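Please treat every number below as a calculation from the coordinates, not as lab data. Here the Cβ is made from the backbone with ideal geometry for all residues, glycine too, and neighbour counts use every protein chain on show.
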Amino acid sequence: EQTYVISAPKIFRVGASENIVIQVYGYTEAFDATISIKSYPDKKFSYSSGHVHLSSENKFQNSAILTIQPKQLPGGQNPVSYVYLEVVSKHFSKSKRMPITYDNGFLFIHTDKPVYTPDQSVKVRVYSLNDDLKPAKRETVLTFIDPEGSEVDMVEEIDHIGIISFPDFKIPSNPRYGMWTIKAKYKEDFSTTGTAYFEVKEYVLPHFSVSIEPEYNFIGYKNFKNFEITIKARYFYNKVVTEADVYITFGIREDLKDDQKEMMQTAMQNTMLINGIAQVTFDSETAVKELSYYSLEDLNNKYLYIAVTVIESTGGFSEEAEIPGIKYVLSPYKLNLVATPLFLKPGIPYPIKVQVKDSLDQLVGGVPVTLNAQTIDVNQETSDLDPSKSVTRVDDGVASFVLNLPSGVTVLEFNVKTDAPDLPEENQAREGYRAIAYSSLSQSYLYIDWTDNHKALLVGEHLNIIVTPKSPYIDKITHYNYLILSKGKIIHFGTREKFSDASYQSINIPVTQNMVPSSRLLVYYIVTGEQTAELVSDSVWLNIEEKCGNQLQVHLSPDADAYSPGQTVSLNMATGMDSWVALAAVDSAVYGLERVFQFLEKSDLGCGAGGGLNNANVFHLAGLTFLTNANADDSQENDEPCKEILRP
Amino acid sequence: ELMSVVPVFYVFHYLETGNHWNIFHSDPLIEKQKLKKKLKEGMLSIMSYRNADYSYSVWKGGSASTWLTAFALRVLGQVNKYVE
């Protein structure tokens, strides 16, 4: 039987270099094919073409690199919304309508300080890259947006090196205070945007700096009866006020964007400061009795606004402070699923990994989580499983479960629930999910299993993946074929033959510098009967370590733990190859950023940790599409704002 | 705050209308940018004295004035030929 899978990325990017992988099976006479992108809906104007040689030494697998340049598309009155990925050879001629996008590249705007004062200069430079993660060398048009949404300054600049240094934006002697916004933009052909926020705050200096440092930054079930708040005031480095007069007031708030606050006009305390520190308490339940609220079921996702005026005894000065909100939380935890696809494989174990985050996103360990499950098989017969508990470990905040499912499972309805020792079971965090089995005619499955799931993959080493089929036609399988995706681009492919009567085998794959932030690996095989054939596929999401292509490191000489004001030091930069290094020395007391790989990974198409409902959903959720004889894609190209996690 | 954009302007009204860009030992297209820099900085300085109805108030947060708006439109109506 003669079939073929021609794998393309899900969405062509204009100006990119998309790799189109064709793999044919069941052939003996070598041949050639022309992969060409034609226009729509006419197939007249051919944007680019390629020529691949499908011969025996290539194991009948090759790849052409196609490219849609922006200078060949009719802009103005419309953008182009579809193209045709068309393949022609002497054995097949297919074509598929492919959406295109113009979202090419990345723009990182980096101002030095997040908070500015009047008559200071906003330094700003833009790190511009294209979608193959190289210096884009395109012109960028910065825009300065005030709090009033006005184009107060639109400066543009040409790029040569990848780092676009702009002139310094001068905050006036009297500015409009509030959140500003810098919007970067390529001047032509691309709808790439970058956004950076900064704040302009008026500088007034106090007689003494009053801080309010409370017990916890959220209140649930234990600070709902007593909440110890600490107030500190000092003139300078160590000059601390001796006596002062403290007046506190409290109020309930809905959210931090609605600035109306309903004060509790009975809880106005009055204490005395003794050489800096006064510890006050706030019984919350008896104080919220006006504007009744009566419970912790109510006040849920509401805030507490603590205002403090410390009046100095000696000089008579009165410095004010405030907290915008301490969230009145019901349960102290939030549960989610880290790196669990909600798709089953029948006869194959299902690993679940939940994560207990507190209500201000910390990995709270030592928190007992309980899992209850329900097998709803094909005949709509709910069967209950044994409950299993586990402990959230403190290193990454992830508890671990494994369900060994019966052979005829169709829908798993599992509900996680915290089992903390000193909370009621209406203040325990719970979540409920539902996992659906992979569907296939002539029921045959694939389960690829990453060996070291717990630790991140090191570049230069070798990935070892164990591949198990669960077919009824196991001895008809001949090859395992895989694809490796990174940043929505197919970077590898291959074909390991199946060891004839070994029930499962292992594939060895080298991990390179193509797949640095993360990567996906889609393995499949073809089980052919007397009917039409079918691809049986599965995919995983990998976790390759952060090792940049030429390792920059900076040092200070001499490296001491204390310097002198005025000491001349030397900065020792050392890269691996030639590079343009951008430097920024920011006073670190402003922070109270530059995380990039959690944003540079948003070029990846498709979400989740793999899996799919059928064959084509595995290809679609990996960020791929394809055209075969065996199966069709038939995948609705809708929005799907998916929210999966994938990482501790 | 309007007297910080005026002497940059009446220099720029001279070197451009009279065409006197042959004085500088630097690149005169570069030194033209630093003058148009300050004409753009000083245009921002009374962005803050503008009210919600696009009217100009004398002090910060004070009442609007017909005197300052006529002086804000005299100054800004002259920069238009050199800064958009």
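Mind checking which strands (runs of 3 or more DSSP E) fall wholly inside segment A:363-468 and carry at least 3 residues that are not polar (S, T, N, Q)?
On the way: elements: A:368-372, A:374-377, A:382-384, A:388-391, A:398-403, A:409-412, A:415-418, A:430-432, A:435-437, A:446-450.
Answer list for segment A:363-468: A:368-372, A:398-403, A:409-412, A:430-432, A:435-437, A:446-450.
Could you check how many residues of segment A:281-310 are surrounded by fewer than 17 Cβ atoms within 10 Å (Cβ to Cβ) and assigned to a strand (DSSP E or B)?
2
Residues to consider are A:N631, A:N617, A:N638; find the one that is of a type outside the set (A, V, I, L, M, F, W, C) and part of a helix (DSSP H, G or I).
Details: A:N631 fails: part of a helix (DSSP H, G or I); A:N638 fails: part of a helix (DSSP H, G or I).
Selected residue: A:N617, the only one of A:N631, A:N617, A:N638 that is of a type outside the set (A, V, I, L, M, F, W, C) and part of a helix (DSSP H, G or I).
Can you pull out every residue in segment A:11-37 that is over 21 Å from A:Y524 (Cα atoms) and within 34 Å of the chain's Cα centre (by Cα)? Outline the logic, then answer.
Restricting attention to segment A:11-37, the residues satisfying the condition of being over 21 Å from A:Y524 (Cα atoms) are A:11-18, A:28-37.
Matches in segment A:11-37: A:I11, A:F12, A:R13, A:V14, A:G15, A:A16, A:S17, A:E18, A:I35, A:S36, A:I37.
Please enumerate the residues belonging to segment A:26-53 that are among the aliphatic types (A, V, I, L, M) and either over 18 Å from A:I490 (Cα atoms) or in a loop (DSSP other than H, G, I, E, B) (or both). First the steps, then the outcome.
So the first thing to find is which residues in segment A:26-53 are among the aliphatic types (A, V, I, L, M), and the list is A:30, A:33, A:35, A:37, A:52.
Listed by number, the residues that qualify are A:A30, A:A33.
May I ask you to list the residues in segment A:587-614 that are of a type in the set (D, E, K, R) and assigned to a helix (DSSP H, G or I)?
A:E601, A:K602 - these are the residues of segment A:587-614 that are of a type in the set (D, E, K, R) and assigned to a helix (DSSP H, G or I).
On the given criteria, is A:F224 within 14 Å of chain B (Cβ to nearest Cβ), out of contact with any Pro (no Cβ under 8 Å at 6 or more places or on another chain) and surrounded by 17 or more Cβ atoms within 10 Å (Cβ to Cβ)?
On the way: within 14 Å of chain B (Cβ to nearest Cβ): no; out of contact with any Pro (no Cβ under 8 Å at 6 or more places or on another chain): yes; surrounded by 17 or more Cβ atoms within 10 Å (Cβ to Cβ): yes.
The answer is no for A:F224.
Just to be sure, is B:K38 out of contact with any helix residue (DSSP H, G or I) (no Cβ under 7 Å at 6 or more places or on another chain), closer than 30 Å to A:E148 by Cα and either among the hydrophobic types (A, V, I, L, M, F, W, C) or within 12 Å of chain A (Cβ to nearest Cβ) (or both)? Show your work before the answer.
On the way: out of contact with any helix residue (DSSP H, G or I) (no Cβ under 7 Å at 6 or more places or on another chain): no; closer than 30 Å to A:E148 by Cα: yes; either among the hydrophobic types (A, V, I, L, M, F, W, C) or within 12 Å of chain A (Cβ to nearest Cβ) (or both): yes.
No, not satisfied.
Take the residues in segment A:590-648 that are of a type in the set (S, T, Y) and touching a helix residue (DSSP H, G or I) at 6+ places or on another chain (Cβ under 7 Å); name whichever of them is surrounded by the most Cβ atoms within 10 Å (Cβ to Cβ).
Step one: of segment A:590-648, the residues of a type in the set (S, T, Y) are A:591, A:603, A:625, A:628, A:635.
Add one more test, that the residue is touching a helix residue (DSSP H, G or I) at 6+ places or on another chain (Cβ under 7 Å), and what stays is A:625, A:635.
Values: A:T625: 22, A:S635: 17.
For segment A:590-648, the residue satisfying everything is A:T625.
Which residue out of A:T314, A:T309, A:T281 is out of contact with any strand residue (DSSP E or B) (no Cβ under 6 Å at 6 or more places or on another chain), β-branched (V, I, T) and within 30 Å of A:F236 (Cβ to Cβ)? Can you show your working first?
On the way: A:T309 fails: out of contact with any strand residue (DSSP E or B) (no Cβ under 6 Å at 6 or more places or on another chain); A:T281 fails: out of contact with any strand residue (DSSP E or B) (no Cβ under 6 Å at 6 or more places or on another chain).
Testing whether each residue is out of contact with any strand residue (DSSP E or B) (no Cβ under 6 Å at 6 or more places or on another chain), β-branched (V, I, T) and within 30 Å of A:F236 (Cβ to Cβ) leaves just A:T314.
Restricted to segment B:1-17, and to residues that are touching a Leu at 6+ places or on another chain (Cβ under 9 Å) and within 14 Å of another protein chain (Cβ to nearest Cβ), which residue is surrounded by the fewest Cβ atoms within 10 Å (Cβ to Cβ)?
Filtering segment B:1-17 for residues that are touching a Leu at 6+ places or on another chain (Cβ under 9 Å) and within 14 Å of another protein chain (Cβ to nearest Cβ), the one surrounded by the fewest Cβ atoms within 10 Å (Cβ to Cβ) comes out as B:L2.
This table checks each residue for (1) under 30 Å from A:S128 (Cα atoms); (2) part of a loop (DSSP other than H, G, I, E, B).
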| residue | (1), (2) |
| --- | --- |
| A:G494 | no, no |
| A:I509 | no, no |
| A:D561 | no, yes |
| A:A585 | yes, yes |
